[PDB]
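Form deposited in one PDB entry, single chain, as structure tokens, below.
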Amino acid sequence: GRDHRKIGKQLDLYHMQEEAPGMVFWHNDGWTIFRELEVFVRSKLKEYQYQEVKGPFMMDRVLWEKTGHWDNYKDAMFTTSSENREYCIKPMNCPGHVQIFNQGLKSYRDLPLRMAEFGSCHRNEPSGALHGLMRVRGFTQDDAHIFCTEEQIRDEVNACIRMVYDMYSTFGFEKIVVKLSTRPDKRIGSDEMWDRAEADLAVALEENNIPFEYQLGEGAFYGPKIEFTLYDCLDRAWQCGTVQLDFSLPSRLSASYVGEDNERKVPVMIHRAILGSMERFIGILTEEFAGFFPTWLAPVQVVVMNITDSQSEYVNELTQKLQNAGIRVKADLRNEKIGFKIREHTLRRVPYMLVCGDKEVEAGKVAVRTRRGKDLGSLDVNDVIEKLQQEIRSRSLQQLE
């Protein structure tokens, strides 16, 4: 009903097996949703002027030791050896992004440098606590690291906040709770650096007219963060978005740029993820929509179906027209009752069933039925195709009227 594990099996989206705990086998229709979510995030990366990179799955333990994560999260990390050398399977993309930053001399002119990745990460999570798409070992982050000057933090965090609300609004999430985590007991740098760092986050939120609250002392060793919690239609809370300042990692991994005064400077790093885990976010959307994915996300967006054998060639032509228009379409030409076809494709949550009887063929029209069971009547083929295209392009939550 609103259980992603049930709807997942029903609509053949994914499965999982004990041979690979907390690592998703993505089926055809599930990978289609995942890929369309990737396309959506890429459109925002372009709109917000991000680079997109791809880093390796493993790097030398020696490199991960310099990050500080080895001492604190070695037991959460998958390791493998080759030729007397130990490698970590990446649980995070940040050190990989610094390696790309460190290729070539960097100028103040290159900042802010926004580096995004659909980062395939692995964490050695306890098998006992693995739950569907929500708690996994293998996950994909809508990740990015911004390399910038201290002066650029406010503007860069401002743009991250807009991107968060922009992207959440697409999926109909308008109730957002925002928490700013402040300096912990054990922290790096002066109290002044923290005053300015916390001020930068607070002013960025203020600039966007966003009310928030503090989580006192919950900040990381290496800087303060903003966390965003969205509420689904059941008013259940999901923490997804994070904007994390980092005054540690660049220095640790010898990241530098030639300042405007010609002095070598360490860049500030901003970690940010909006959806968080792509798998978890699909899990949340599955329950939010109860399998009724918005048309732009639907594995199959349209099924064209004949009442009798007589409309088979009209269905073939219309299916080709929809295919050419970039719509994910199937023809249902089975020797079955129109009622049987509608019920089957309604149960599979296909947004639109385009029904062709003799009256539709003769007029060059099509009868449109929604998965909600509404009959929109008979409309011109080209006018329907243009409307379906508009709904998909605009990533509309709503169907045709």
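Start at 1 with the first residue shown and count on from there.
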| property | result |
| --- | --- |
| Comparing 47-55 with 363-371, the one whose average Cα B-factor in the PDB entry is higher | 363-371 |
| Entry-level comparison of average CA B-factors, 126-134 and 307-315, reporting the higher stretch | 126-134 |
| Which of 117, 166, 155, 263 ranks first by CA B-factor in the deposited coordinates | 263 |
| Out of 224, 259, 250, 96, highest CA B-factor residue | 259 |
| Where the record places residue 198 (Cα B-factor, split into thirds across the chain) | lowest |
| CA B-factor placement of residue 192, once the chain's modelled residues are sorted into thirds | highest |
| Ranked C-alpha temperature factor of residue 204 among modelled chain residues, by third | lowest |
| Relative C-alpha B-factor of residue 346, binned into the chain's lowest, middle or highest third | highest |
| Third of chain Cα B-factors occupied by residue 40 | lowest |
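This next part talks about the form deposited in another entry, which is not shown.
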| property | result |
| --- | --- |
| Rigid-body hinge position between the shown form and the other one, taken from 297, 227, 152, 65 | 227 |
